[PDB]
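Read off the chains here:
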Amino acid sequence: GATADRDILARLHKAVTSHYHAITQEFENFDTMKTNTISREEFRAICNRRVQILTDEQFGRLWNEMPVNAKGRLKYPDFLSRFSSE
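Attention here is on the structure that accompanies the text. For each chain, numbering restarts from 1 and follows the sequence as written, which can differ from how the entry numbers it; residues lacking coordinates are not listed. Hydrogen atoms and water are omitted, and side-chain values are computed over all heavy atoms in the structure. Residues with missing side-chain atoms are left out of burial classes, side-chain pairs and their counts.

Let's talk about the overall build of the chain
1) Next: Strands are runs of DSSP state E lasting at least 2 residues, helices are runs of H or I lasting at least 4, and numbering of each runs from the N terminus. The secondary structure content of the chain amounts to 5 helices and 2 strands.
2) Next: Starting at the N terminus and walking to the C terminus, you meet the elements of the chain as α-α-β-α-α-β-α.
3) Next: In this setup the radius of gyration rests on C-alpha atoms only. A globule is expected at 2.2 Å times the number of residues raised to 0.38. In summary, the chain has a C-alpha radius of gyration of 12 Å against a globular reference of 12 Å for 86 residues, a match within 12%.
4) Next: Projecting the C-alpha coordinates of the chain onto the three principal axes gives extents of approximately 35 × 30 × 20 Å.
5) Next: It only takes one pair of heavy atoms within 4.5 Å for two residues to be counted as in contact. Looking at the chain alone, contacts between residues at least 24 apart form 59% of all its contacts between residues at least 6 apart.

Re the packing of aromatic side chains
1) Next: Pairing of aromatic rings covers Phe, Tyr and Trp, the last through its six-membered ring, and needs centres within 6.5 Å; plane angles under 30 degrees mean stacked, over 60 mean edge-to-face, and all others mean tilted. Tallied over the full model, the rule gives 7 aromatic pairs.
2) Next: Where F43 meets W63, the ring centres are 6.0 Å apart and the plane angle is 45 degrees; that geometry is what we call tilted. Highlighted residues: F43 in helix α3 (residues 40-50) and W63 in helix α4 (residues 56-64), separated in sequence by 20 residues.
3) Next: Working definition: with a 1.4 Å probe on protein chains only, accessible area under 20% of the residue-type maximum means buried, over 50% means exposed, and in between means partly exposed. Judged by its relative accessible area of 12%, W63 falls in the buried class.
4) Next: Look at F43 and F79: their rings are 5.4 Å apart centre to centre, the planes differ by 75 degrees, and that puts the pair in the edge-to-face class. Of this pair, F43 sits in helix α3 while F79 sits in helix α5 (residues 76-83), and the two are 36 residues apart along the sequence.
5) Next: Among the aromatic residues, ring-to-ring pairing joins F27, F43, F59, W63, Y76, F79 and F83 into one connected group.

A closer look at the pattern of salt bridges
1) Next: Any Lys or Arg side-chain nitrogen found within 4 Å of a carboxyl oxygen on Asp or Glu counts as a salt bridge. This structure, assessed with the given rule, holds 7 salt bridges.
2) Next: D5 serves as the salt-bridge partner of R61, at 2.8 Å between the closest nitrogen and oxygen. One end of the pair, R61, is in helix α4; the other, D5, is in helix α1 (residues 2-18), and 56 residues separate them in sequence.
3) Next: On the basis of relative accessible area, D5 is assigned to the buried category, the value being 17%.
4) Next: A salt bridge links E26 to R49; the nearest nitrogen and oxygen atoms lie 3.9 Å apart. Of the two residues, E26 sits in helix α2 (residues 20-30) while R49 sits in helix α3, which places them 23 residues apart along the sequence.
5) Next: When its relative accessible area of 14% is taken as the criterion, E26 is described as buried.
6) Next: On the basis of relative accessible area, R49 is assigned to the exposed category, the value being 62%.
7) Next: One connected set of salt bridges, linked through shared partners, spans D5, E57 and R61.

Okay, structure coming up:
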């Protein structure tokens, strides 16, 4: 249930605060056109490396908690602002 989802969010919080600069660089390297977004699949690739290799079900639920725009892309500066807060 909701607890499984919250455990993944806590691990995501820990990864962003521990590797802020490396995660920002990963977003910037995927965001070549500087639109302040990255794709759903690129975000999953970052999660695999920094948090854990999520199942399709876990990733679907994580994506539901992310700041996603109307074009299904991750608003990564909003993500960085929320997951780097103390």
